[PDB]
Structures are given as structure tokens and as C-alpha cells.
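Trainee: Take a look at query_13.tsv, TSV, C-alpha atoms and all ligand atoms:
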```
chain	number	residue	atom	x	y	z
A	988	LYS	CA	0.00	0.00	0.00
A	989	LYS	CA	0.88	3.66	0.34
A	990	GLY	CA	2.51	4.32	3.71
A	991	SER	CA	1.54	6.99	6.21
A	992	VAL	CA	2.89	10.52	6.11
A	993	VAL	CA	5.54	10.73	8.84
A	994	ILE	CA	6.49	13.75	10.95
A	995	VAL	CA	10.26	14.19	10.70
A	996	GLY	CA	10.60	17.58	12.36
A	997	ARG	CA	8.90	20.79	13.35
A	998	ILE	CA	9.01	24.58	13.15
A	999	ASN	CA	8.33	26.70	16.22
A	1000	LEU	CA	6.49	29.97	15.72
A	1001	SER	CA	5.83	30.67	19.39
A	1002	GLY	CA	7.86	33.29	21.22
A	1003	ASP	CA	10.36	35.58	19.53
A	1004	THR	CA	12.25	33.19	17.27
A	1005	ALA	CA	11.19	30.85	14.47
A	1006	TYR	CA	13.40	27.77	14.29
A	1007	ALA	CA	13.48	24.27	12.91
A	1008	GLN	CA	14.21	21.03	14.76
A	1009	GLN	CA	14.76	17.68	13.12
A	1010	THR	CA	13.14	14.87	15.10
A	1011	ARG	CA	13.44	11.74	12.98
A	1012	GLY	CA	15.99	10.69	10.33
A	1013	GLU	CA	15.43	8.50	7.25
A	1014	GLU	CA	16.13	5.35	9.23
A	1015	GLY	CA	13.33	5.37	11.82
A	1016	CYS	CA	10.98	6.50	9.09
A	1017	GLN	CA	10.29	3.29	7.19
A	1018	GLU	CA	8.76	1.51	10.11
A	1019	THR	CA	6.67	4.52	11.10
A	1020	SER	CA	5.39	4.80	7.51
A	1021	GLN	CA	4.41	1.14	7.42
A	1022	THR	CA	2.72	0.88	10.83
A	1023	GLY	CA	1.41	4.43	10.99
A	1024	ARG	CA	2.47	4.32	14.65
A	1025	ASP	CA	4.82	7.09	15.84
A	1026	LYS	CA	5.90	7.27	19.46
A	1027	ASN	CA	6.69	10.89	19.15
A	1028	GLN	CA	4.55	13.49	20.81
A	1029	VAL	CA	3.79	16.43	18.52
A	1030	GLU	CA	5.05	19.92	19.40
A	1031	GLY	CA	4.69	23.22	17.61
A	1032	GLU	CA	2.42	24.78	15.02
A	1033	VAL	CA	4.21	23.57	11.87
A	1034	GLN	CA	5.30	20.00	11.19
A	1035	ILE	CA	7.96	18.92	8.73
A	1036	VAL	CA	6.39	15.81	7.16
A	1037	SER	CA	7.64	13.18	4.76
A	1038	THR	CA	6.62	10.55	2.30
A	1039	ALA	CA	9.11	8.00	0.96
A	1040	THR	CA	11.45	10.47	-0.74
A	1041	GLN	CA	9.91	13.93	-0.36
A	1042	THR	CA	9.32	16.38	2.48
A	1043	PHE	CA	6.91	19.24	2.83
A	1044	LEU	CA	5.14	21.03	5.68
A	1045	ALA	CA	1.90	20.85	7.61
A	1046	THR	CA	0.31	23.65	9.59
A	1047	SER	CA	-2.10	23.36	12.50
A	1048	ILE	CA	-4.97	25.91	12.30
A	1049	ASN	CA	-8.20	25.78	14.28
A	1050	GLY	CA	-7.44	22.29	15.61
A	1051	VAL	CA	-6.80	20.79	12.17
A	1052	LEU	CA	-3.38	19.93	10.80
A	1053	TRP	CA	-3.46	21.11	7.22
A	1054	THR	CA	-1.25	20.30	4.30
A	1055	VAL	CA	-1.23	20.01	0.51
A	1056	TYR	CA	-2.78	17.12	-1.38
A	1057	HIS	CA	0.10	17.05	-3.86
A	1058	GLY	CA	2.30	16.09	-0.90
A	1059	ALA	CA	0.07	13.92	1.31
A	1060	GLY	CA	-2.06	12.22	-1.32
A	1061	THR	CA	-4.87	10.35	0.43
A	1062	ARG	CA	-2.46	9.12	3.02
A	1063	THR	CA	-3.04	8.69	6.71
A	1064	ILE	CA	-0.57	10.37	9.10
A	1065	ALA	CA	1.40	8.39	11.65
A	1066	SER	CA	0.63	9.20	15.28
A	1067	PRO	CA	1.16	7.76	18.70
A	1068	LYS	CA	-2.31	6.16	18.49
A	1069	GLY	CA	-1.73	4.64	15.06
A	1070	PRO	CA	-2.58	5.84	11.57
A	1071	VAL	CA	-4.92	8.81	11.47
A	1072	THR	CA	-7.27	8.99	8.47
A	1073	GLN	CA	-7.73	12.33	6.76
A	1074	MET	CA	-10.49	14.44	8.17
A	1075	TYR	CA	-10.60	16.63	5.05
A	1076	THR	CA	-9.63	16.07	1.43
A	1077	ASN	CA	-10.22	18.46	-1.46
A	1078	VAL	CA	-8.32	17.75	-4.62
A	1079	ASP	CA	-9.43	20.88	-6.42
A	1080	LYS	CA	-8.04	23.08	-3.60
A	1081	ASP	CA	-4.95	20.90	-3.16
A	1082	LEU	CA	-5.94	20.54	0.48
A	1083	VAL	CA	-5.88	17.89	3.11
A	1084	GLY	CA	-6.58	18.08	6.83
A	1085	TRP	CA	-6.19	15.80	9.82
A	1086	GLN	CA	-7.40	16.37	13.36
A	1087	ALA	CA	-4.67	18.37	15.04
A	1088	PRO	CA	-2.27	16.13	16.90
A	1089	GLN	CA	-1.83	16.04	20.59
A	1090	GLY	CA	-0.25	18.38	21.63
A	1091	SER	CA	0.24	20.72	18.85
A	1092	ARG	CA	-0.49	24.32	19.43
A	1093	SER	CA	-2.77	25.65	16.78
A	1094	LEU	CA	-2.56	28.94	14.90
A	1095	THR	CA	-5.49	31.34	14.90
A	1096	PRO	CA	-7.03	32.40	11.63
A	1097	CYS	CA	-6.18	35.94	10.89
A	1098	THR	CA	-8.95	38.53	10.84
A	1099	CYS	CA	-6.57	41.55	10.58
A	1100	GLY	CA	-6.82	42.19	6.92
A	1101	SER	CA	-3.15	43.07	6.84
A	1102	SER	CA	-1.49	43.19	3.45
A	1103	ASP	CA	1.92	42.48	5.04
A	1104	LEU	CA	2.45	38.76	5.21
A	1105	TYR	CA	5.28	36.42	6.04
A	1106	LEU	CA	5.90	33.02	4.53
A	1107	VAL	CA	7.54	30.44	6.77
A	1108	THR	CA	9.82	28.01	4.92
A	1109	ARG	CA	10.95	24.51	5.76
A	1110	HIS	CA	14.22	26.01	7.08
A	1111	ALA	CA	12.21	28.34	9.33
A	1112	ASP	CA	13.10	31.37	7.28
A	1113	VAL	CA	10.39	34.04	7.56
A	1114	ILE	CA	10.15	35.96	4.31
A	1115	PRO	CA	8.01	38.99	3.58
A	1116	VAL	CA	5.14	38.72	1.11
A	1117	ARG	CA	2.88	41.54	-0.01
A	1118	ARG	CA	-0.71	40.34	-0.33
A	1119	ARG	CA	-2.01	40.91	-3.88
A	1120	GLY	CA	-5.24	38.91	-4.25
A	1121	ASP	CA	-7.39	36.49	-2.26
A	1122	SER	CA	-4.87	33.71	-2.81
A	1123	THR	CA	-1.66	35.42	-4.00
A	1124	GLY	CA	1.16	37.47	-2.61
A	1125	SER	CA	4.26	38.99	-4.15
A	1126	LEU	CA	7.74	38.19	-2.89
A	1127	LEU	CA	9.77	41.24	-2.03
A	1128	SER	CA	12.79	39.44	-3.41
A	1129	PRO	CA	12.33	36.80	-6.15
A	1130	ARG	CA	13.54	33.36	-5.21
A	1131	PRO	CA	14.72	30.39	-7.22
A	1132	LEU	CA	12.19	27.54	-7.10
A	1133	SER	CA	14.76	25.37	-5.35
A	1134	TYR	CA	14.56	27.66	-2.36
A	1135	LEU	CA	10.76	27.27	-1.89
A	1136	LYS	CA	10.57	23.58	-2.81
A	1137	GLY	CA	9.46	21.48	0.16
A	1138	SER	CA	7.82	24.45	1.93
A	1139	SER	CA	4.30	23.80	0.60
A	1140	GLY	CA	1.88	23.25	3.42
A	1141	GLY	CA	3.60	25.98	5.45
A	1142	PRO	CA	1.96	29.08	6.72
A	1143	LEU	CA	1.56	32.58	5.47
A	1144	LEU	CA	1.31	34.72	8.63
A	1145	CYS	CA	0.17	38.29	9.31
A	1146	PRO	CA	2.34	40.66	11.46
A	1147	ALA	CA	0.61	39.38	14.60
A	1148	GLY	CA	1.40	35.73	13.85
A	1149	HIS	CA	-2.08	34.60	12.85
A	1150	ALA	CA	-2.54	32.25	9.86
A	1151	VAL	CA	-3.55	33.99	6.63
A	1152	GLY	CA	-3.14	30.85	4.51
A	1153	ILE	CA	-1.27	27.70	3.48
A	1154	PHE	CA	1.45	27.86	0.82
A	1155	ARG	CA	0.22	25.91	-2.22
A	1156	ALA	CA	2.17	26.88	-5.32
A	1157	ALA	CA	4.90	29.21	-6.53
A	1158	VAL	CA	3.99	31.79	-9.16
A	1159	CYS	CA	6.96	31.42	-11.39
A	1160	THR	CA	8.67	32.18	-14.65
A	1161	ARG	CA	11.68	30.28	-15.97
A	1162	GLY	CA	12.35	28.70	-12.54
A	1163	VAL	CA	12.09	31.95	-10.54
A	1164	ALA	CA	9.23	32.66	-8.16
A	1165	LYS	CA	8.07	36.25	-8.08
A	1166	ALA	CA	5.02	35.45	-5.96
A	1167	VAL	CA	3.34	32.72	-3.97
A	1168	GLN	CA	-0.13	31.25	-4.27
A	1169	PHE	CA	-1.83	29.94	-1.15
A	1170	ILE	CA	-4.99	28.52	0.28
A	1171	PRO	CA	-6.58	31.38	2.21
A	1172	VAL	CA	-7.62	30.63	5.72
A	1173	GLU	CA	-11.23	31.50	4.73
A	1174	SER	CA	-11.19	28.61	2.24
A	1175	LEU	CA	-10.02	26.30	5.04
A	1176	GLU	CA	-12.80	27.50	7.27
A	1177	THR	CA	-15.21	26.90	4.41
A	1178	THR	CA	-13.91	23.37	3.98
A	1179	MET	CA	-14.70	22.87	7.69
B	1	LIG	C1	8.49	25.16	-5.52
B	1	LIG	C2	7.43	25.56	-4.54
B	1	LIG	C3	6.14	24.91	-4.53
B	1	LIG	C4	5.35	25.17	-3.43
B	1	LIG	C5	5.47	23.91	-3.93
B	1	LIG	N1	4.21	23.57	-4.72
B	1	LIG	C6	4.20	23.05	-5.96
B	1	LIG	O1	5.25	22.71	-6.53
B	1	LIG	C7	2.93	23.00	-6.67
B	1	LIG	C8	2.49	21.61	-7.05
B	1	LIG	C9	1.49	21.86	-8.22
B	1	LIG	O2	0.32	22.64	-7.90
B	1	LIG	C10	-0.77	21.92	-7.63
B	1	LIG	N2	-0.72	20.58	-7.53
B	1	LIG	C11	-1.86	19.87	-7.27
B	1	LIG	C12	-3.06	20.53	-7.08
B	1	LIG	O3	-4.23	19.89	-6.78
B	1	LIG	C13	-4.12	18.54	-6.35
B	1	LIG	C14	-3.12	21.92	-7.21
B	1	LIG	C15	-4.33	22.58	-7.03
B	1	LIG	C16	-4.35	23.97	-7.12
B	1	LIG	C17	-3.19	24.67	-7.37
B	1	LIG	CL1	-3.26	26.38	-7.48
B	1	LIG	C18	-1.98	24.01	-7.57
B	1	LIG	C19	-1.96	22.63	-7.47
B	1	LIG	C20	2.40	22.68	-9.04
B	1	LIG	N3	3.04	23.60	-8.04
B	1	LIG	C21	3.66	24.74	-8.32
B	1	LIG	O4	4.13	25.43	-7.45
B	1	LIG	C22	3.73	25.21	-9.79
B	1	LIG	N4	3.21	26.58	-9.78
B	1	LIG	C23	1.97	26.87	-10.20
B	1	LIG	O5	1.24	25.97	-10.64
B	1	LIG	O6	1.56	28.14	-10.14
B	1	LIG	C24	0.22	28.49	-10.45
B	1	LIG	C25	-0.79	27.80	-9.51
B	1	LIG	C26	0.09	30.00	-10.24
B	1	LIG	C27	-0.09	28.17	-11.91
B	1	LIG	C28	5.16	25.15	-10.33
B	1	LIG	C29	5.60	23.70	-10.33
B	1	LIG	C30	5.19	25.68	-11.77
B	1	LIG	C31	6.16	25.97	-9.46
B	1	LIG	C32	6.16	22.84	-3.23
B	1	LIG	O7	7.14	23.12	-2.52
B	1	LIG	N5	5.77	21.58	-3.42
B	1	LIG	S1	6.67	20.46	-2.59
B	1	LIG	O8	8.11	20.45	-3.03
B	1	LIG	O9	6.58	20.70	-1.10
B	1	LIG	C33	5.84	18.76	-2.95
B	1	LIG	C34	4.79	18.42	-1.98
B	1	LIG	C35	6.07	17.70	-2.02
B	2	ZN	ZN	-3.79	38.96	11.64
```
For the file at hand, write its structure as C-alpha cells.
Mentor:
Amino acid sequence: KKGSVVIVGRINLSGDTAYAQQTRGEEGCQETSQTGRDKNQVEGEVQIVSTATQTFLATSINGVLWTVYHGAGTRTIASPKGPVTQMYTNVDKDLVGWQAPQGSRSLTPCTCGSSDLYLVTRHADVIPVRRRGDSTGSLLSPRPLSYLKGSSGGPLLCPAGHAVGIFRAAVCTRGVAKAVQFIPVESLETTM
């Protein structure tokens, strides 16, 4: 079969400093994927998650751990209670959700209306994005695709640290992203 998505690290957004911590290497992974059973307690708002050869991110908002379909597929996620089946799946939005793991802290949907956003990458870089549309934002500095690869599923935050959306796709030209496309938190709330 397909295995379970496996948490292999996490990104802290609490406090004053965003940072990444690796929690599981490629070795432990295989067995966790197969069983869906992961002894590890979940911490933090953003998980670094993995399938057999690829990693991406998952963000807890409103008690649901959200990520992208093009990463998770229809997969279950490994947890200390065994494989957790997806709570939400929407292929057209590229969205999947699981009940937020114990004991993740969950982000609050933003109702600020700020146009100044921040995208959190898999390395825990926090990069400024200017909101442009409902689901797009411009990068202040263009980035090569390689830099944003594996950060899908991560959060776009407002200045106060609320979730504005989930990074879905890079708006790019000839391998350079000038903007990011995301699932707005309102679309998530609608899916709920
Ligand atoms: C390099 C950074 C990007 C952020 C990143 N996401 C991507 O690569 C995404 C994947 C794909 O989009 C979509 N797939 C499936 C869908 O449904 C199942 C979609 C439903 C709706 C929409 Cl919107 C898009 C969808 C193409 N794409 C692009 O970003 C593409 N961009 C793009 O399509 O841009 C527009 C949407 C503006 C056209 C392109 C490949 C050209 C960069 C990533 O890191 N992925 S990853 O490495 O973590 C991997 C999960 C393991
Ligand atoms: Zn806000």
C-alpha cells in the first residue's frame, strides 16, 4: 500500500524566534510509515512531514493539521495512536486536513486584513510577502524555485502571527518565483 505521512521535524512559531528542529531521520521512518504508529509526541504549530522520498510542511490551524494534497495524497498520518485517516480532502483546492495532533499548538485564523504577510519556509526562514489577491502574494525578493521547494503546506502569517493561509504553489517564470499562491484561511474555514 501507500505508507503513512511521517512527521520528521517541526518549526516553532511561538515566542520571539522561528526555528526548525529535526526529530526523525530516514532510518526510523520506514517503520513509522508502514505501521502508521509514531511514538513521538507532537510539538509546535508547523510539522515537517515526509513521504518516501519527499518532504513538505503541515500547519495546524483551528485544531486541524493542514497540508497540501500534492504532498500527502490520500495518506493517513502516523501518530502515537496509530494511523490517522484524513479528516478533510479536497483535490481541487490541493488541500488535506487531519485532526490536530496532541499536543500541537494551533494557529489562529487571521482577521486583521493586513497586506503584510510572512511566509515560513521549511528552514524556518520568515520571508516577507505583499498580499495581492485572495490567494496570492508577491515576494519582495524573487527566489529560485529550489529555495521554496518542500515548503508547501507551510503558513503565510500576518504581522501578529495569525494564519492567513497555506502555501500551495509558486507563481513562477523560468524557474524563478516572483510570488506565492496559497490557500486562504477562509477557504479552510469553508472546507470545515
Ligand atoms: C516550488 C514551490 C512549490 C510550493 C510547492 N508547490 C508546488 O510545486 C505545486 C504543485 C502543483 O500545484 C498543484 N498541484 C496539485 C493541485 O491539486 C491537487 C493543485 C491545485 C491547485 C493549485 Cl493552485 C496548484 C496545485 C504545481 N506547483 C507549483 O508550485 C507550480 N506553480 C503553479 O502551478 O503556479 C500556479 C498555480 C500559479 C499556476 C510550479 C511547479 C510551476 C512551481 C512545493 O514546494 N511543493 S513540494 O516540493 O513541497 C511537494 C509536496 C512535495
Ligand atoms: Zn492577523
Trainee: Please write as JSON, numbers by chain the list of polymer residues whose atoms come within 12 Å of (-6.8, 22.5, -4.5), counting only C-alpha atoms and keeping to the coordinates of the file.
Mentor: {"A": [1054, 1055, 1056, 1057, 1058, 1060, 1075, 1076, 1077, 1078, 1079, 1080, 1081, 1082, 1083, 1122, 1140, 1153, 1154, 1155, 1156, 1168, 1169, 1170, 1171, 1174, 1175, 1178]}
Trainee: Rank A:1089, A:1040, A:1128, A:1073 by their smallest atom-to-atom distance to ligand LIG 1 (chain B), using all atoms listed in the file, and report the top residue only.
Mentor: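 For ligand LIG 1 (chain B), the nearest of the candidates is A:1040.
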Trainee: Restricting the calculation to only C-alpha atoms: of A:1133, A:1027, A:1125, A:1001, which residue gets closest to residue 1105 (chain A)?
Mentor: A:1125
Trainee: Using all atoms listed in the file, can you tell me which of A:1118, A:1161, A:1149, A:1136 comes closest to residue 1098 (chain A)?
Mentor: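 Result for the nearest residue to residue 1098 (chain A): A:1149.
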Trainee: I'd like the contact shell of residue 1131 (chain A) - 12 Å cut-off, only C-alpha atoms, skipping same-chain residues fewer than 3 positions apart - returned as JSON, numbers by chain.
Mentor: {"A": [1126, 1128, 1134, 1135, 1136, 1157, 1158, 1159, 1160, 1161, 1162, 1163, 1164, 1165, 1166]}
Trainee: Tell me, counting all atoms listed in the file, for each residue of chain A within 7 Å of ligand ZN 2 (chain B), which pair of atoms is nearest and how far apart they are in Å to one decimal, in rows ordered by chain and increasing number, as a tab-separated table.
Mentor:
```
residue	atom	partner	partner_atom	distance
A:1097	CA	B:ZN2	ZN	3.9
A:1098	CA	B:ZN2	ZN	5.2
A:1099	CA	B:ZN2	ZN	3.9
A:1100	CA	B:ZN2	ZN	6.5
A:1101	CA	B:ZN2	ZN	6.4
A:1145	CA	B:ZN2	ZN	4.6
A:1146	CA	B:ZN2	ZN	6.4
A:1147	CA	B:ZN2	ZN	5.3
A:1148	CA	B:ZN2	ZN	6.5
A:1149	CA	B:ZN2	ZN	4.8
```
Trainee: Could the residues in this selection be saved with C-alpha atoms as a compact mmCIF listing (two decimals), in the frame of the given file?
Mentor:
```
# COMPACT_ATOMS: atom_id res chain seq x y z
CA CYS A 1097 -6.18 35.94 10.89
CA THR A 1098 -8.95 38.53 10.84
CA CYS A 1099 -6.57 41.55 10.58
CA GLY A 1100 -6.82 42.19 6.92
CA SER A 1101 -3.15 43.07 6.84
CA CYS A 1145 0.17 38.29 9.31
CA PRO A 1146 2.34 40.66 11.46
CA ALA A 1147 0.61 39.38 14.60
CA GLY A 1148 1.40 35.73 13.85
CA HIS A 1149 -2.08 34.60 12.85
```
Trainee: Kindly provide, as lines of an AutoDock Vina configuration file, the centre and edge lengths (Å, one decimal) of an axis-aligned box around all atoms of region 1017-1022 of chain A given in the file, with 3 Å on each side.
Mentor:
```
center_x = 6.5
center_y = 2.8
center_z = 9.1
size_x = 13.6
size_y = 9.9
size_z = 9.9
```
Trainee: In terms of the shortest atom-to-atom distance over only C-alpha atoms, which of A:1179, A:1104, A:1036, A:1144 is closest to residue 1065 (chain A)?
Mentor: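 For residue 1065 (chain A), the nearest of the given residues is A:1036.
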Trainee: Could you tell me, as a PyMOL selection string, which residues have any atom at most 9 Å from (-7.7, 23.4, 17.5), counting all atoms listed in the file?
Mentor: chain A and resi 1047-1052+1086-1087+1091-1095
Trainee: Find the residue from A:998, A:1167, A:1143, A:1106 that sits nearest to ligand LIG 1 (chain B); use all atoms listed in the file when measuring.
Mentor: A:1167
Trainee: Interatomic distance between CA of residue 1033 (chain A) and CA of residue 1021 (chain A)?
Mentor: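 Result for CA of residue 1033 (chain A) versus CA of residue 1021 (chain A): 22.9 Å, one decimal.
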Trainee: Report, in Å to a single decimal, how far apart CA of residue 1066 (chain A) and CA of residue 1013 (chain A) are.
Mentor: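 Result for CA of residue 1013 (chain A) versus CA of residue 1066 (chain A): 16.9 Å, one decimal.
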Trainee: Can you pull out every residue within 8 Å of residue 1038 (chain A), counting all atoms listed in the file, but drop anything in the same chain fewer than 3 positions away, and send it as a PyMOL selection string?
Mentor: chain A and resi 990-993+1020+1041-1042+1058-1059
Trainee: Residues as selected, C-alpha atoms, written as an mmCIF file, keeping the file's coordinate frame, can you do that?
Mentor:
```
data_model
loop_
_atom_site.group_PDB
_atom_site.id
_atom_site.type_symbol
_atom_site.label_atom_id
_atom_site.label_comp_id
_atom_site.auth_asym_id
_atom_site.auth_seq_id
_atom_site.Cartn_x
_atom_site.Cartn_y
_atom_site.Cartn_z
ATOM 1 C CA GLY A 990 2.510 4.320 3.710
ATOM 2 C CA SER A 991 1.540 6.990 6.210
ATOM 3 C CA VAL A 992 2.890 10.520 6.110
ATOM 4 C CA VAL A 993 5.540 10.730 8.840
ATOM 5 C CA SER A 1020 5.390 4.800 7.510
ATOM 6 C CA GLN A 1041 9.910 13.930 -0.360
ATOM 7 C CA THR A 1042 9.320 16.380 2.480
ATOM 8 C CA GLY A 1058 2.300 16.090 -0.900
ATOM 9 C CA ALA A 1059 0.070 13.920 1.310
#
```
Trainee: When distances are computed from all atoms listed in the file, which of A:1116, A:1045, A:1111, A:1150 shows the smallest separation from ligand LIG 1 (chain B)?
Mentor: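 Smallest separation from ligand LIG 1 (chain B) among the options: A:1045.
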Trainee: Taking the partial coordinates given, rebuild region 1082-1103 of chain A to contain N, CA, C and O atoms; return it as a PDB file, in the coordinates of the input.
Mentor:
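Contents of selection.pdb, as written:
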```
ATOM      1  N   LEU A1082      -5.888  20.521  -0.957  1.00  0.00           N
ATOM      2  CA  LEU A1082      -5.940  20.540   0.480  1.00  0.00           C
ATOM      3  C   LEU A1082      -6.255  19.259   1.189  1.00  0.00           C
ATOM      4  O   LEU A1082      -7.120  18.573   0.815  1.00  0.00           O
ATOM      5  N   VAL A1083      -5.487  18.970   2.221  1.00  0.00           N
ATOM      6  CA  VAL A1083      -5.880  17.890   3.110  1.00  0.00           C
ATOM      7  C   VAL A1083      -5.752  18.349   4.542  1.00  0.00           C
ATOM      8  O   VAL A1083      -4.905  19.185   4.859  1.00  0.00           O
ATOM      9  N   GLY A1084      -6.600  17.783   5.398  1.00  0.00           N
ATOM     10  CA  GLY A1084      -6.580  18.080   6.830  1.00  0.00           C
ATOM     11  C   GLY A1084      -6.739  16.830   7.681  1.00  0.00           C
ATOM     12  O   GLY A1084      -7.422  15.895   7.322  1.00  0.00           O
ATOM     13  N   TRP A1085      -6.030  16.813   8.797  1.00  0.00           N
ATOM     14  CA  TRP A1085      -6.190  15.800   9.820  1.00  0.00           C
ATOM     15  C   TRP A1085      -6.529  16.495  11.127  1.00  0.00           C
ATOM     16  O   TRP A1085      -6.147  17.652  11.324  1.00  0.00           O
ATOM     17  N   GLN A1086      -7.195  15.795  12.041  1.00  0.00           N
ATOM     18  CA  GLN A1086      -7.400  16.370  13.360  1.00  0.00           C
ATOM     19  C   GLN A1086      -6.046  16.703  13.992  1.00  0.00           C
ATOM     20  O   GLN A1086      -5.114  15.917  13.926  1.00  0.00           O
ATOM     21  N   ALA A1087      -5.941  17.905  14.547  1.00  0.00           N
ATOM     22  CA  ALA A1087      -4.670  18.370  15.040  1.00  0.00           C
ATOM     23  C   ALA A1087      -4.179  17.436  16.140  1.00  0.00           C
ATOM     24  O   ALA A1087      -4.926  17.139  17.081  1.00  0.00           O
ATOM     25  N   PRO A1088      -2.939  17.035  15.992  1.00  0.00           N
ATOM     26  CA  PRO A1088      -2.270  16.130  16.900  1.00  0.00           C
ATOM     27  C   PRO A1088      -2.118  16.678  18.265  1.00  0.00           C
ATOM     28  O   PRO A1088      -2.050  17.839  18.478  1.00  0.00           O
ATOM     29  N   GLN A1089      -2.047  15.761  19.188  1.00  0.00           N
ATOM     30  CA  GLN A1089      -1.830  16.040  20.590  1.00  0.00           C
ATOM     31  C   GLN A1089      -0.307  16.046  20.796  1.00  0.00           C
ATOM     32  O   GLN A1089       0.341  15.033  20.554  1.00  0.00           O
ATOM     33  N   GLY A1090       0.318  17.109  21.251  1.00  0.00           N
ATOM     34  CA  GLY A1090      -0.250  18.380  21.630  1.00  0.00           C
ATOM     35  C   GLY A1090       0.352  19.513  20.853  1.00  0.00           C
ATOM     36  O   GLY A1090       1.220  20.220  21.278  1.00  0.00           O
ATOM     37  N   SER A1091      -0.168  19.656  19.664  1.00  0.00           N
ATOM     38  CA  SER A1091       0.240  20.720  18.850  1.00  0.00           C
ATOM     39  C   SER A1091      -0.485  21.956  19.459  1.00  0.00           C
ATOM     40  O   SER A1091      -1.419  21.913  20.200  1.00  0.00           O
ATOM     41  N   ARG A1092       0.063  23.067  19.115  1.00  0.00           N
ATOM     42  CA  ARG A1092      -0.490  24.320  19.430  1.00  0.00           C
ATOM     43  C   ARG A1092      -1.013  24.624  18.080  1.00  0.00           C
ATOM     44  O   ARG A1092      -0.382  24.279  17.128  1.00  0.00           O
ATOM     45  N   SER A1093      -2.147  25.273  18.018  1.00  0.00           N
ATOM     46  CA  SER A1093      -2.770  25.650  16.780  1.00  0.00           C
ATOM     47  C   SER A1093      -2.761  27.163  16.526  1.00  0.00           C
ATOM     48  O   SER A1093      -2.960  27.905  17.413  1.00  0.00           O
ATOM     49  N   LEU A1094      -2.528  27.554  15.283  1.00  0.00           N
ATOM     50  CA  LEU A1094      -2.560  28.940  14.900  1.00  0.00           C
ATOM     51  C   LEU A1094      -3.996  29.437  14.808  1.00  0.00           C
ATOM     52  O   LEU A1094      -4.854  28.704  14.573  1.00  0.00           O
ATOM     53  N   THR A1095      -4.193  30.723  14.985  1.00  0.00           N
ATOM     54  CA  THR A1095      -5.490  31.340  14.900  1.00  0.00           C
ATOM     55  C   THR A1095      -5.655  31.963  13.520  1.00  0.00           C
ATOM     56  O   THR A1095      -4.766  32.607  13.069  1.00  0.00           O
ATOM     57  N   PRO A1096      -6.796  31.738  12.903  1.00  0.00           N
ATOM     58  CA  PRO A1096      -7.030  32.400  11.630  1.00  0.00           C
ATOM     59  C   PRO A1096      -6.976  33.904  11.774  1.00  0.00           C
ATOM     60  O   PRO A1096      -7.527  34.468  12.720  1.00  0.00           O
ATOM     61  N   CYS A1097      -6.319  34.529  10.858  1.00  0.00           N
ATOM     62  CA  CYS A1097      -6.180  35.940  10.890  1.00  0.00           C
ATOM     63  C   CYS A1097      -7.452  36.687  10.481  1.00  0.00           C
ATOM     64  O   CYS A1097      -8.006  36.402   9.490  1.00  0.00           O
ATOM     65  N   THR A1098      -7.866  37.635  11.290  1.00  0.00           N
ATOM     66  CA  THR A1098      -8.950  38.530  10.840  1.00  0.00           C
ATOM     67  C   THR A1098      -8.479  39.993  10.852  1.00  0.00           C
ATOM     68  O   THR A1098      -9.299  40.906  11.003  1.00  0.00           O
ATOM     69  N   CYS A1099      -7.202  40.222  10.641  1.00  0.00           N
ATOM     70  CA  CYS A1099      -6.570  41.550  10.580  1.00  0.00           C
ATOM     71  C   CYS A1099      -6.767  42.290   9.301  1.00  0.00           C
ATOM     72  O   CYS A1099      -6.892  43.486   9.265  1.00  0.00           O
ATOM     73  N   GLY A1100      -6.737  41.553   8.227  1.00  0.00           N
ATOM     74  CA  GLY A1100      -6.820  42.190   6.920  1.00  0.00           C
ATOM     75  C   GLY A1100      -5.519  42.857   6.517  1.00  0.00           C
ATOM     76  O   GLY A1100      -5.500  43.724   5.633  1.00  0.00           O
ATOM     77  N   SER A1101      -4.426  42.475   7.162  1.00  0.00           N
ATOM     78  CA  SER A1101      -3.150  43.070   6.840  1.00  0.00           C
ATOM     79  C   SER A1101      -2.772  42.661   5.445  1.00  0.00           C
ATOM     80  O   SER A1101      -3.073  41.560   5.024  1.00  0.00           O
ATOM     81  N   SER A1102      -2.077  43.541   4.742  1.00  0.00           N
ATOM     82  CA  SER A1102      -1.490  43.190   3.450  1.00  0.00           C
ATOM     83  C   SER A1102      -0.010  42.764   3.584  1.00  0.00           C
ATOM     84  O   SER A1102       0.598  42.308   2.618  1.00  0.00           O
ATOM     85  N   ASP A1103       0.552  42.921   4.777  1.00  0.00           N
ATOM     86  CA  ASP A1103       1.920  42.480   5.040  1.00  0.00           C
ATOM     87  C   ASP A1103       1.947  41.100   5.642  1.00  0.00           C
ATOM     88  O   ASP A1103       1.584  40.901   6.799  1.00  0.00           O
TER      89      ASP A1103
END
```
